[PDB]
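Numbering (PDB author numbering), first residue to last: 4 to 125, 127 to 261. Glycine included, each C-beta is placed from N, C-alpha and C at the ideal position.
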Ligand SMILES: NS(=O)(=O)c1c(F)c(F)c(NS(=O)(=O)c2c(F)c(F)c(F)c(F)c2F)c(F)c1F
Ligand SMILES: NS(=O)(=O)c1c(F)c(F)c(F)c(F)c1F
Ligand SMILES: OC[C@H]1O[C@@H](O)[C@H](O)[C@@H](O)[C@@H]1O
Ligand SMILES: [Zn+2]
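And the structure:
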């Protein structure tokens with residue numbers, strides 16, 4: 004029953020998810036000058052060559068592209084991570100206008116949207133067990149700015165008309181998530197949480213410094229989705245982002261000097 008509106012949005016979540024006021028909540032503002040280079044970080048490895056996308060779903064909060072995670076087909080390793088993390092899904096957060104939409108901010112700057120590639124630590129066997137662990141998940145976050153079109157996003161944009169309302173799903177096989185990455189893998193990293201209820205504090209965040217460019221037309225199609233189900237009052241799926249939360253006793257590390 005949580006959402007993003009005035010009556011059930013981020014400022015209400017703590018009533019049912021008290022960890023919302025916890026010590027390692029996400030997202031955060033990334034102060035680029037306070038972030039510190041860490042020469043200890045190992046090289047980051049995004050290995051998506053054998054990814055198997057399955058389907059796309061409007062879950063009433065965002066849309067998720069789900070992957071076969073029954074083997075080590077698309078994995079994230081290295082950087083701050085110990086061991087292997089397997090891609091399970093990606094989704095976005097976006098705004099009603101280009102000046103807002105991201106969850107993380109960079110020196111308080113908000114981007115038009117933010118892509119999250121969600122991975123779970125294979127040492128825990130399944131996603132559900134992983135979210136009982138302080139190092140259960142790794143989320144690769146990528147900012148979107150509006151400018152030139154992103155060709156590798158277009159297949160996503162074009163299927164959205166078929167999942168307009170909550171509960172609708174569609175086939176989404178043979179999608180390559182490598183087409184959503186920027187050129188550089190420079191990143192910031194810190195320990196945090198899911199940014200949606202249940203807000204569990206299980207995530208190693210890896211936020212890429214380089215945004216991807218998408219066209220206005222691409223993001224406008226995100227904004228034609230509905231939060232509601234078919235046959236219910238229409239409410240546009242926009243502003244599905246949680247604002248920055250207190251950093252508390254954390255440090256953000258940079259992969260780049
Ligand atoms: N803590 S929370 O965000 O998860 C949450 C919440 F903050 C709530 F307020 C409810 N209350 S509600 O009854 O569902 C309800 C709404 F959520 C509405 F948005 C609304 F417009 C209503 F009229 C309404 F009745 C709720 F259940 C819930 F879990
Ligand atoms: N925003 S997020 O990347 O923190 C995130 C998750 F990591 C997750 F596993 C989910 F199930 C979500 F719904 C979600 F929004
Ligand atoms: O005590 C010194 C140490 O302080 C820590 O907070 C920093 O993360 C380290 O990089 C530093 O070496
Ligand atoms: Zn997310």
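For residue i, which of helix, strand or coil comes out of DSSP?
| i | result |
| --- | --- |
| residue 4 | coil |
| residue 197 | coil |
| residue 117 | strand |
| residue 56 | strand |
| residue 209 | strand |
| residue 167 | helix |
| residue 82 | strand |
| residue 122 | strand |
| residue 31 | coil |
| residue 49 | strand |
| residue 39 | strand |
| residue 99 | coil |
| residue 336 | No answer is possible for residue 336: it lies beyond the span of the chain, which begins at 4 and ends at 261. |
| residue 156 | helix |
Do you know how far the Cα of residue j is from the Cα of residue i?
| i | j | result |
| --- | --- | --- |
| residue 112 | residue 118 | 16 Å |
| residue 75 | residue 89 | 6 Å |
| residue 157 | residue 245 | 20 Å |
| residue 17 | residue 168 | 29 Å |
| residue 7 | residue 242 | 9 Å |
| residue 53 | residue 87 | 15 Å |
| residue 5 | residue 11 | 5 Å |
| residue 260 | residue 143 | 19 Å |
| residue 83 | residue 197 | 16 Å |
| residue 213 | residue 193 | 10 Å |
| residue 134 | residue 21 | 20 Å |
| residue 233 | residue 66 | 13 Å |
| residue 19 | residue 13 | 11 Å |
| residue 72 | residue 92 | 9 Å |
| residue 229 | residue 100 | 14 Å |
| residue 209 | residue 123 | 12 Å |
| residue 161 | residue 140 | 30 Å |
| residue 44 | residue 15 | 37 Å |
| residue 181 | residue 253 | 34 Å |
| residue 50 | residue 95 | 21 Å |
| residue 255 | residue 48 | 22 Å |
| residue 120 | residue 79 | 10 Å |
| residue 199 | residue 33 | 15 Å |
If I'm right that residue i touches residue j with Cβ under 8 Å, what's the distance once you round it to whole angstroms?
| i | j | result |
| --- | --- | --- |
| residue 116 | residue 97 | 4 Å |
| residue 248 | residue 35 | Rounded, the Cβ-Cβ distance is 14 Å, inconsistent with contact. |
| residue 46 | residue 81 | 5 Å |
| residue 184 | residue 216 | 7 Å |
| residue 30 | residue 106 | 4 Å |
| residue 68 | residue 231 | With a Cβ gap of about 18 Å, residue 68 and residue 231 do not count as contacting. |
| residue 154 | residue 218 | 5 Å |
Any 3 or more C-beta pairs closer than 8 Å across the segment 209-227 and the segment 148-163 | With contact defined as three or more Cβ pairs closer than 8 Å, the segment 209-227 and the segment 148-163 are in contact.
Got a list of residues with beta-carbon closer than 6 Å to any non-hydrogen atom of ligand 4, in chain order?
-> 94, 96, 119 and 199
Heavy atoms of ligand 1 versus C-beta positions, residues under 5 Å | 4, 5, 10, 11, 15, 16, 18 and 19
Can we say the segment 50-62 touches the segment 21-39, given the rule of at least three CB pairs closer than 8 Å?
-> Contact between the segment 50-62 and the segment 21-39 is absent, with fewer than three C-beta pairs closer than 8 Å.
Can we say the segment 199-211 touches the segment 15-27, given the rule of at least three CB pairs closer than 8 Å?
-> yes
Specify whether the segment 127-136 and the segment 180-190 touch according to this definition: at least 3 beta carbon pairs, one from each stretch, less than 8 Å apart.
-> no
Validate contact between the segment 172-182 and the segment 237-246 using beta carbons, cut 8 Å, 3 pairs = no
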